[PDB]
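J.: Have a peek at work-v8.txt (compact mmCIF, C-alpha atoms).
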```
# COMPACT_ATOMS: atom_id res chain seq x y z
CA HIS B 1 71.13 -29.65 -12.03
CA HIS B 2 70.53 -26.23 -13.61
CA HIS B 3 72.29 -26.88 -16.93
CA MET B 4 73.54 -24.10 -19.22
CA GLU B 5 73.41 -21.45 -16.45
CA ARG B 6 76.41 -19.51 -17.81
CA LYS B 7 75.21 -19.61 -21.45
CA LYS B 8 71.84 -18.36 -20.26
CA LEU B 9 73.25 -15.44 -18.24
CA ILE B 10 75.55 -14.44 -21.08
CA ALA B 11 72.53 -14.50 -23.36
CA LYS B 12 70.63 -12.34 -20.87
CA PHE B 13 73.58 -9.93 -20.67
CA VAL B 14 73.54 -9.65 -24.52
CA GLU B 15 69.75 -9.10 -24.61
CA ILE B 16 69.81 -6.42 -21.92
CA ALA B 17 72.79 -4.66 -23.57
CA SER B 18 70.89 -4.63 -26.84
CA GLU B 19 67.37 -3.93 -25.64
CA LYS B 20 67.90 -1.62 -22.70
CA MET B 21 71.24 -0.06 -23.58
CA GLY B 22 71.40 0.08 -27.39
CA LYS B 23 74.67 -1.84 -27.60
CA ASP B 24 74.95 -4.67 -30.13
CA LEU B 25 77.49 -7.19 -28.83
CA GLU B 26 76.57 -10.36 -30.73
CA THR B 27 79.38 -12.83 -29.71
CA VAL B 28 80.40 -12.38 -26.09
CA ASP B 29 83.32 -14.16 -24.42
CA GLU B 30 83.16 -14.23 -20.61
CA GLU B 31 86.87 -13.36 -20.51
CA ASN B 32 86.29 -9.94 -22.11
CA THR B 33 86.55 -6.93 -19.84
CA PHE B 34 83.56 -4.65 -19.78
CA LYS B 35 85.94 -1.89 -20.65
CA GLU B 36 86.93 -3.58 -23.86
CA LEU B 37 83.24 -4.16 -24.70
CA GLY B 38 82.81 -0.37 -24.40
CA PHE B 39 81.07 -0.33 -21.01
CA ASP B 40 82.20 2.37 -18.64
CA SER B 41 81.69 2.45 -14.87
CA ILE B 42 78.23 4.01 -15.24
CA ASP B 43 77.25 1.38 -17.80
CA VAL B 44 78.29 -1.37 -15.37
CA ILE B 45 76.02 0.19 -12.68
CA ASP B 46 73.07 0.32 -15.15
CA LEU B 47 73.76 -3.27 -16.25
CA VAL B 48 73.87 -4.43 -12.59
CA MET B 49 70.60 -2.65 -11.74
CA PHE B 50 68.97 -4.30 -14.78
CA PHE B 51 70.13 -7.76 -13.62
CA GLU B 52 68.98 -6.91 -10.09
CA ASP B 53 65.48 -6.13 -11.31
CA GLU B 54 65.31 -9.09 -13.70
CA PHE B 55 66.35 -11.59 -11.07
CA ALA B 56 65.03 -9.93 -7.90
CA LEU B 57 68.63 -9.70 -6.57
CA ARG B 58 70.63 -7.14 -4.67
CA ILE B 59 74.28 -6.61 -5.57
CA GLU B 60 76.27 -4.54 -3.05
CA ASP B 61 78.20 -1.47 -4.21
CA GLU B 62 81.49 -2.91 -3.11
CA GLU B 63 80.95 -5.93 -5.39
CA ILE B 64 79.97 -3.72 -8.36
CA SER B 65 83.25 -1.80 -8.08
CA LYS B 66 85.29 -5.01 -8.37
CA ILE B 67 83.63 -6.15 -11.64
CA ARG B 68 86.18 -6.22 -14.50
CA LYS B 69 85.23 -9.04 -16.79
CA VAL B 70 81.92 -10.34 -18.03
CA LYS B 71 82.77 -13.56 -16.09
CA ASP B 72 82.73 -11.44 -12.88
CA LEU B 73 79.14 -10.38 -13.37
CA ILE B 74 78.01 -13.88 -14.40
CA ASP B 75 79.70 -15.23 -11.26
CA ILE B 76 78.13 -12.68 -8.95
CA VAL B 77 74.63 -13.34 -10.36
CA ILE B 78 74.99 -17.15 -10.00
CA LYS B 79 76.21 -16.61 -6.42
CA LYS B 80 73.25 -14.37 -5.56
CA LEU B 81 70.83 -16.80 -7.19
CA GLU B 82 72.34 -19.73 -5.31
CA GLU B 83 71.92 -17.86 -2.03
CA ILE B 84 68.27 -16.91 -2.71
CA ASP B 85 67.37 -20.61 -2.47
```
Can the structure in the file be given as structure tokens, please?
T.:
Amino acid sequence: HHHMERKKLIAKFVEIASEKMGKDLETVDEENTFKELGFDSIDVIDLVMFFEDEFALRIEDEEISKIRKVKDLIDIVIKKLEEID
């Protein structure tokens, strides 16, 4: 059992936003849209490429374009990590 997987990926999202992207989010809810967090389409691409590199994943362009909510990115990452297993 890999406990706390969502908490951990939200925490990674917050750290990357802060450290790589200069965005202080502090208290993230998974249900927030990226749009409401102030991430535009280009920011989502940068965020995805940062997760890709951190986790040695590949996320297809079609999947990136469908990302709306934080939850969507957390879900994709878990799914890609589960596969690479």
J.: Got a sec: who's within 12 Å of residue B:8, counting only C-alpha atoms, leaving out chain neighbours fewer than 5 positions off, as an NGL selection string?
T.: :B and (2-3 or 13-15 or 28 or 74 or 77-78)
J.: Determine the nearest neighbour of residue B:39 from the options B:69, B:79, B:59, B:26, counting all atoms listed in the file.
T.: B:69
J.: Excluding stretch 44-51 of chain B and its own-chain neighbours fewer than 6 positions away, which residues fall within 9 Å of it when counting all atoms listed in the file? Please give them as a VMD selection string.
T.: chain B and resid 12 to 13 16 to 17 20 to 21 34 57 to 59 61 64 to 65 67 73 77
J.: Check the smallest atom-to-atom distance from each of B:37, B:11, B:81, B:42 to residue B:56 using all atoms listed in the file, then report the winner.
T.: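 Between B:37, B:11, B:81, B:42, the residue approaching residue B:56 most closely is B:81.
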J.: Take stretch 3-36 of chain B, model N, CA and C atoms, and hand the result over as a CSV table (one decimal), in the coordinates of the input.
T.:
```csv
chain,number,residue,atom,x,y,z
B,3,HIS,N,71.4,-26.9,-15.8
B,3,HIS,CA,72.3,-26.9,-16.9
B,3,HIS,C,72.3,-25.6,-17.7
B,4,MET,N,73.4,-25.3,-18.3
B,4,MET,CA,73.5,-24.1,-19.2
B,4,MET,C,73.3,-22.8,-18.5
B,5,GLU,N,73.6,-22.7,-17.2
B,5,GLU,CA,73.4,-21.4,-16.4
B,5,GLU,C,74.3,-20.3,-17.0
B,6,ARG,N,75.5,-20.6,-17.3
B,6,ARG,CA,76.4,-19.5,-17.8
B,6,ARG,C,76.0,-19.0,-19.2
B,7,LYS,N,75.7,-20.0,-20.1
B,7,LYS,CA,75.2,-19.6,-21.4
B,7,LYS,C,74.0,-18.7,-21.3
B,8,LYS,N,73.1,-19.1,-20.4
B,8,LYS,CA,71.8,-18.4,-20.3
B,8,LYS,C,72.1,-16.9,-19.7
B,9,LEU,N,72.9,-16.8,-18.7
B,9,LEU,CA,73.2,-15.4,-18.2
B,9,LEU,C,74.1,-14.6,-19.2
B,10,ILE,N,74.9,-15.2,-20.0
B,10,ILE,CA,75.6,-14.4,-21.1
B,10,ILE,C,74.5,-14.0,-22.1
B,11,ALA,N,73.6,-14.9,-22.4
B,11,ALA,CA,72.5,-14.5,-23.4
B,11,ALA,C,71.7,-13.4,-22.8
B,12,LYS,N,71.4,-13.4,-21.5
B,12,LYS,CA,70.6,-12.3,-20.9
B,12,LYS,C,71.4,-11.0,-20.9
B,13,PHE,N,72.7,-11.1,-20.5
B,13,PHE,CA,73.6,-9.9,-20.7
B,13,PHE,C,73.5,-9.3,-22.1
B,14,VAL,N,73.6,-10.2,-23.1
B,14,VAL,CA,73.5,-9.6,-24.5
B,14,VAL,C,72.2,-9.0,-24.8
B,15,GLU,N,71.1,-9.6,-24.3
B,15,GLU,CA,69.8,-9.1,-24.6
B,15,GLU,C,69.5,-7.8,-23.9
B,16,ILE,N,69.9,-7.7,-22.7
B,16,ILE,CA,69.8,-6.4,-21.9
B,16,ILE,C,70.7,-5.3,-22.6
B,17,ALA,N,71.9,-5.7,-22.9
B,17,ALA,CA,72.8,-4.7,-23.6
B,17,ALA,C,72.1,-4.1,-24.8
B,18,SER,N,71.5,-5.0,-25.6
B,18,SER,CA,70.9,-4.6,-26.8
B,18,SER,C,69.6,-3.9,-26.6
B,19,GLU,N,68.7,-4.5,-25.8
B,19,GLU,CA,67.4,-3.9,-25.6
B,19,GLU,C,67.3,-2.7,-24.7
B,20,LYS,N,68.0,-2.7,-23.6
B,20,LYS,CA,67.9,-1.6,-22.7
B,20,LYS,C,69.0,-0.6,-23.0
B,21,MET,N,70.1,-1.0,-23.5
B,21,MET,CA,71.2,-0.1,-23.6
B,21,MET,C,71.7,0.3,-25.0
B,22,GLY,N,71.1,-0.3,-26.0
B,22,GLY,CA,71.4,0.1,-27.4
B,22,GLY,C,72.8,-0.3,-27.9
B,23,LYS,N,73.3,-1.4,-27.3
B,23,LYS,CA,74.7,-1.8,-27.6
B,23,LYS,C,74.5,-3.2,-28.2
B,24,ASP,N,75.0,-3.4,-29.4
B,24,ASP,CA,75.0,-4.7,-30.1
B,24,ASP,C,76.3,-5.4,-29.9
B,25,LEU,N,76.3,-6.5,-29.2
B,25,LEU,CA,77.5,-7.2,-28.8
B,25,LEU,C,77.7,-8.4,-29.7
B,26,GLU,N,76.6,-9.1,-30.0
B,26,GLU,CA,76.6,-10.4,-30.7
B,26,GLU,C,77.3,-11.5,-30.0
B,27,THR,N,78.7,-11.6,-30.2
B,27,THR,CA,79.4,-12.8,-29.7
B,27,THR,C,80.3,-12.6,-28.5
B,28,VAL,N,79.7,-12.7,-27.3
B,28,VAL,CA,80.4,-12.4,-26.1
B,28,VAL,C,81.2,-13.6,-25.6
B,29,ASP,N,82.5,-13.3,-25.2
B,29,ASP,CA,83.3,-14.2,-24.4
B,29,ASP,C,83.3,-13.6,-23.0
B,30,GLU,N,83.0,-14.5,-22.0
B,30,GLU,CA,83.2,-14.2,-20.6
B,30,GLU,C,84.5,-13.6,-20.1
B,31,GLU,N,85.5,-13.8,-20.9
B,31,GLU,CA,86.9,-13.4,-20.5
B,31,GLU,C,87.1,-11.9,-20.9
B,32,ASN,N,86.2,-11.4,-21.8
B,32,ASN,CA,86.3,-9.9,-22.1
B,32,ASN,C,86.1,-9.0,-20.9
B,33,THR,N,86.8,-7.9,-20.8
B,33,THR,CA,86.6,-6.9,-19.8
B,33,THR,C,85.4,-6.1,-20.3
B,34,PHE,N,84.6,-5.5,-19.4
B,34,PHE,CA,83.6,-4.6,-19.8
B,34,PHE,C,84.1,-3.5,-20.5
B,35,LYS,N,85.3,-3.0,-20.1
B,35,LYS,CA,85.9,-1.9,-20.6
B,35,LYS,C,86.2,-2.1,-22.1
B,36,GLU,N,86.7,-3.3,-22.5
B,36,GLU,CA,86.9,-3.6,-23.9
B,36,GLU,C,85.6,-3.7,-24.7
```
